[PDB]
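Report on the following structure.
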Amino acid sequence: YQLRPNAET
Amino acid sequence: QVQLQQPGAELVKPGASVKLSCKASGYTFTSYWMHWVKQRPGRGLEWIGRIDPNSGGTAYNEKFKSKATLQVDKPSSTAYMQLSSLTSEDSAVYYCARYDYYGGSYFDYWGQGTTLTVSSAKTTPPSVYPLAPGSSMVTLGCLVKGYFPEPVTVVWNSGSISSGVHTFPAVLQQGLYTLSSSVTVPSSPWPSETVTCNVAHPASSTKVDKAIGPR
Amino acid sequence: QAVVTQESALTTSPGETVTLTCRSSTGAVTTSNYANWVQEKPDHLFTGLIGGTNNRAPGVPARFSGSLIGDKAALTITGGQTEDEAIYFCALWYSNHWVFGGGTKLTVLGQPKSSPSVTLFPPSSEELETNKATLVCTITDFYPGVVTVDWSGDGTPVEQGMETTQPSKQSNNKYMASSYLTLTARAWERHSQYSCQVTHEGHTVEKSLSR
Ligand SMILES: [Zn+2]
Ligand SMILES: [Zn+2]
């Protein structure tokens with residue numbers, strides 16, 4: 001359910 | 001020439017903690033992230049977390065934040081991961097994998113993994129038994145039964161017979177290892193001339209030679 | 001784990017195209033999952049091939065490509081090579097962590113099928129003197145690398161007191177493995193038929209001994 005990128009990726 | 005080097009294996013007792021190392025060479029250590037992955041041949045790979053050698057920037061898998069700690073030492077170009085409060089469940093191969101993050105997003109190079117064995121079992125020498133048949137051509141063997149910890153070195157006739165031999169990997173039942181080595185020879189040399197297996201288990205300062213006798 | 005799933009195993013031949021897939025249990029694999037494909041060859045030799053869904057990792061053969069197919073990530077191998085026989089891992093990103101798939105064992109027929117060479121060893125009287133009996137069954141020279149090793153005692157299947165090694169690559173690139181059945185000397189004195197049964201590529205073979 002989590003996913004995407006971010007500033008951690 | 002991009003290389004990541006990790007010690008082959010480490011033995012520890014439950015409750016202890018270790019500091020695994022990953023020597024990086026062949027590139028600029030600081031411009032690539034470093035990741036650590038845990039593998040238990042059984043239920044696959046698990047991502048532990050990542051560390052940015054350049055900013056010290058750190059990222060942990062929630063399931064590993066109280067178990068692992070990542071850092072690096074820039075001068076030596078090596079990444080470290082310390083595991084604490086060790087348990088049997090911590091036994092596994094631990095890899096460090098180099099990671100690019102830019103307009104990119106990868107895992108390129110991987111060290112070969114350090115297999116950590118967390119066990120409170122006692123050093124046990126192996127019992128070496130001859131493997132022979134009772135009716136090229138004839139296959140002889142040696143059973144290295146119940147030893148700890150790994151490893152053990154098995155040679156044949158001191159290394160005089162090198163082909164036809166198959167040394168299998170160790171199975172583990174009861175917290176004690178076992179493996180066996182095979183060597184196939186022409187039905188002429190045996191039993192006419194002699195075949196011997198030499199088994200060495202440094203951990204127990206033991207070494208056994210068994211001539212394979214006819215059955 | 002957050003659960004990415006892959007095909008258990010697949011088989012292709014030199015020069016053909018084979019596609020591996022990767023499922024996310026949450027839903028459709030997306031560009032934001034930054035799909036990564038990793039290869040593991042004999043003796044824990046792992047290599048990243050694809051990152052961010054379709055970015056080929058420098059120093060990787062052009063025959064490897066990545067993409068999406070339906071609601072899954074895909075690893076396409078065009079013109080397969082013998083050296084591509086290995087295990088392939090999928091890895092998806094879920095906001096704050098990576099999740100790997102179970103891995104797909106890919107077989108690249110690069111040589112002729114080779115039937116298994118089976119040897120059954122009886123327990124040594126040396127081991128029998130301690131009151132224990134160990135049957136050793138070595139299986140070598142088979143290709144592909146999948147075999148099912150069963151044990152029988154008086155024509156009856158045996159589950160306990162038996163360990164088998166996962167297939168191993170020989171120098172000649174064929175595979176090998178071994179199985180052990182441990183008994184008490186007394187339990188070995190009462191049974192007569194002991195056999196190691198090896199099933200390979202739809203063909204079964206046995207090696208037996210009667211104490
Ligand atoms: Zn990360
Ligand atoms: Zn695995």
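Throughout, a chain's letter reflects where its sequence line sits, starting with A, and its residues are numbered from 1.
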Hey, are [X] and [Y] close enough for a salt bridge, meaning a charged N less than 4.0 Å from a carboxylate O?
X: C:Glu189; Y: C:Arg211; value: no
X: C:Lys41; Y: C:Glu83; value: no
X: C:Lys169; Y: C:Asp43; value: no

Q. For the candidates C:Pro123, C:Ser168, C:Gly161, C:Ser171, which exhibits the highest count of non-hydrogen atom pairs separated by less than 4.5 Å from chain B?
A.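 Heavy-atom pair counts peak at C:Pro123.
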Q: Heavy atoms only, distances under 4.5 angstrom: which of C:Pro58, C:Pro122, C:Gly59 has the most pairs with chain B? Name it, please.
A: C:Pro122
With a 3.5 Å cut-off and no angle check, do the side chains of [X] and [Y] form a donor-acceptor pair?
X: C:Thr26; Y: C:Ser24; result: yes
X: C:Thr204; Y: C:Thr199; result: yes
X: C:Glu127; Y: B:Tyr129; result: no
X: C:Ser195; Y: C:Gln193; result: yes

Are [X] and [Y] close enough that their ring centres sit under 6.0 Å apart?
X: B:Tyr95; Y: C:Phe46; value: yes
X: C:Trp188; Y: C:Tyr194; value: yes
X: B:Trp33; Y: B:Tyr101; value: yes

Interchain contact, [X] with chain C, by part (heavy-atom threshold 4.5 Å):
X: B:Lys63; value: neither
X: B:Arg98; value: neither
X: B:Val2; value: neither
X: B:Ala132; value: backbone
X: B:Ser181; value: neither
X: B:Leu45; value: both
X: B:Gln39; value: side chain
X: B:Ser127; value: neither
X: B:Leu140; value: backbone

Pick one of side chain, backbone, both or neither for [X], based on which atoms fall under 4.5 Å of a heavy atom in chain B.
X: C:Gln1; value: side chain
X: C:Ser125; value: backbone
X: C:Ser178; value: both
X: C:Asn55; value: both
X: C:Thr119; value: side chain
X: C:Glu129; value: neither
X: C:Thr164; value: backbone
X: C:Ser117; value: neither
X: C:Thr165; value: both

Q) In terms of heavy-atom pairs under 4.5 Å, which option from B:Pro169, B:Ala59, B:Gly104 contacts chain C the most? A)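 Of B:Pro169, B:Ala59, B:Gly104, B:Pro169 has the most heavy-atom pairs under 4.5 Å with chain C.
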Q: Establish, yes or no, whether the cationic atom of B:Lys19 lies under 6.0 Å from the six-membered ring centre of B:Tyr80 and within 45° of the ring axis.
A: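 Judged by the rule, B:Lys19 and B:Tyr80 form a cation-pi pair.
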Q | Evaluation steps, salt bridge (charged side-chain N to carboxylate O under 4.0 Å, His left out), between B:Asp52 and B:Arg50 | A | CA-CA 7 Å; B:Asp52 174 26; B:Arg50 153 243 127 188; 5.1 Å; no
Q. Should the ring pair C:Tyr143 and C:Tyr175 be called parallel, tilted or perpendicular, given that the plane angle runs from 0 to 90° and is split at 30 and 60?
A. parallel
